[PDB]
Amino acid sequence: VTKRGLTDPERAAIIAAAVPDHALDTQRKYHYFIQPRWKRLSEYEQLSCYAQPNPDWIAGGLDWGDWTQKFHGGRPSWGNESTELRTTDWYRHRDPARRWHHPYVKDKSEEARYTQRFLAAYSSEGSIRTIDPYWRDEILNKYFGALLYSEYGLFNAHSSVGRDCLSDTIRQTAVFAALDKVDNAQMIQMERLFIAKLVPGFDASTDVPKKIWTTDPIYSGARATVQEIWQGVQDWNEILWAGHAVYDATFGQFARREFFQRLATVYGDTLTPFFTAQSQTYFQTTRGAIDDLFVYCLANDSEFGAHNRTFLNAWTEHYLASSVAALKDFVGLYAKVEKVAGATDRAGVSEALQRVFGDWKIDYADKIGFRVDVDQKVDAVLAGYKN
C-alpha cells in the first residue's frame, strides 16, 4: 500500500503548509474566453472548443507558426486546401444537442440496454406470430437487409472527414454521425438475426441482402451515389453535405421512414418500428448539427456566405439528381408488395414523395437558396413506378 498525500498525516501536513492561504486568481471558468453561442457558456463548449491546435493561418486559430511535421511534399497537418468552403472562423459550429463524448455514450447506452430488454420480452410475448409472412420473408429480410449497405457506405464516407476537418466541434459532429450510421447498419442485422431465432427457415446471412445491394436494379442508383460520396471525393464539406443533407435526407428518409417503417404498420410488423425508431431519432439529431454547420456557419458566413452558397448549390444540383435517380430505381420495389390503397399504389407513393421532397425543400433547399420544384421531382421519381 502506497502513501497518498491526501490521507497520510505527514504528507498532508506538508501539503497544507505549502498551499497558499488564498486563491491566486478568481477566474474559475475553464476556457472563459470562448465566445458562448447561448446565454451562458456550456460545458459542451468548455470541454470541446479550441482543443484543435490551429494556427492563425487557419481561420479562427489561436496558435502561430507552421506545423512541426508535414507530409512528404508539404501537405500540412491540417490546411485550407482540404475544402472549397471558406469561413471567418472554423470553430463557430455548435451542435444544438451539445454532445460531448459523455452525453453521447450515455444516451446510446440507454438504447443499447433497453433494446435487449425489449427483445427478451418480445420473444417471450410471441408477437412475431401476426406479421405478414410475405413481407417478413420477401421484402423485409431481403430489401431492408440490403439497406444496411447504404447506411454502412454513408458511415465509411466519414473516414476522411474525421481526418481532414478543420475544427473540434465539427470533428465531434462528424464522428458521432458516423457511429450512428454504422449503428443503423448493425441494428438492421440485429433485427434479422433476432427474427431468425423465432422463425424456422429464416436466413439472417447477409448473402442475399448483399447480392441485392450490389446487383438488383432497385438499389443501383443508391449504391452508385453512396460509392461516389464515400470514395469519389475528398472535400470534407462536400461529403457531409451530399451524404446527410441531400442523399440521406431524400433517398434515406424515403427508404427508412416511408417504405420500411410506414409499410411495417400496414403489414402487421410489430418489430421493425422499434428499430426504425432509433435510426429516425439519430437522423433528426444528426440533422440538427449538419444544419448548424451548413446554414448558420457556412451559407450565412458574413464574408463568404455567397461564395459558399455557390458551391453548396452546385453540389446540391448534382447530388439531388443522383438521389432522384436512386429513388426512381427504388420505387420499383412497390411492384413486389401487396397493394394497400393509399400506401403502395401510385397515389400513395406520390404523397410519400411529396412529404420527402416537400420537407427537404423547407429543411435544406430553402436555407441555401436552392430552387426546387417539388412536383417535378415527385413526377421524375414516379416515372419509375411500374404499371
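Each residue number is its position in the shown sequence, starting from 1.
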Stretch exceeding the other in mean C-alpha B-factor - 334-342, 316-324: 334-342
Identity of residue with top Cα B-factor, from 266, 175, 105, 240: 266
Residue selected from 160, 302, 281, 169 by maximal Cα B factor: 302
Ranked C-alpha temperature factor of residue 211 among modelled chain residues, by third: highest
Entry-reported Cα temperature factor of residue 151, expressed as the chain third it lands in: middle
Record-listed C-alpha B factor of residue 73: chain third: lowest
Chain thirds of CA B-factor: placement of residue 52: lowest
Where the record places residue 348 (Cα B-factor, split into thirds across the chain): highest
